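Coming up is one lone chain in structure tokens, specifically the form deposited in one PDB entry.
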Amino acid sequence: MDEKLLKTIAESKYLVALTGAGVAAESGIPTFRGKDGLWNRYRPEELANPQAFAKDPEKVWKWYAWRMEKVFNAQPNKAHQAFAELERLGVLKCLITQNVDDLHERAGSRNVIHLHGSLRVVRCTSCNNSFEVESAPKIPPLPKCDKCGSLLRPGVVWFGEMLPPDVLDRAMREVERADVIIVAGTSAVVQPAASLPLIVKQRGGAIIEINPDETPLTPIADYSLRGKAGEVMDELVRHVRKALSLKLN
């Protein structure tokens, strides 16, 4: 929280952000890895992959319906609010997230890229029909497509599956032009998302990591703030807004 950091942010020409599950932790949603991580209690090999879904679609759907209810009922936290405000102020140009929740949107964020899909989306496993839901379905019965009758599935990206080309390309273009990137709440291990901040640094930009833990990205982060995203981002944005308000214009 030194002048240099605030300066880097306030004077940035094209700041972007990459967020992970840690940014939703303060909304009561557990992260995937770490202490109470979901992947530590639930096996990603049975809940986060096409093979498992085909084997037992009822089990996978029951789990996602539960997660959907949790997210739809959760509220955006101070971190979500801070990112939306940083965008309102004209500083944050684009927010790229690995999160499948819609908390960034519900906080007011407008230019959001969902690298790994969204829990609000449900799509067919056979035809191209897809749509959004207001609340979680009850399982059983298995959600079936009203177009061809085939099994529907959560509109999220599972392990081994390819991120939508257009989505990753858009994110790539964003980081290729960013001079500063805030990387908050992500463990920096899952690819290709984890490689996006490297693009910014390789091109000459700065990395600002926000995470209570150190990660594989920490060694190259210009700034690495050990704290919760809610507290850190709220303070950072308030300081940035103040700095901007002081400019003689």
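Don't overthink the numbering: it's just position in the shown sequence, from 1.
One more form of this protein should be noted, the form solved in complex with a partner chain, which is absent from this view; the next part is about it.
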None of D36, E58, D213, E45 but one has a heavy atom within 4.5 Å of the partner chain in the entry with it bound; the exception is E45
I'd like to know whether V190 contacts the partner chain in the entry with it bound, with contact meaning heavy atoms within 4.5 angstroms. yes
Any non-hydrogen atom of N40 within 4.5 angstroms of the partner chain in the entry with it bound: no
Is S195 close enough to touch the partner chain in the entry with it bound, meaning at least one heavy atom pair within 4.5 Å? yes
4.5 Å heavy atom contact, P140 and the partner chain in the entry with it bound: no
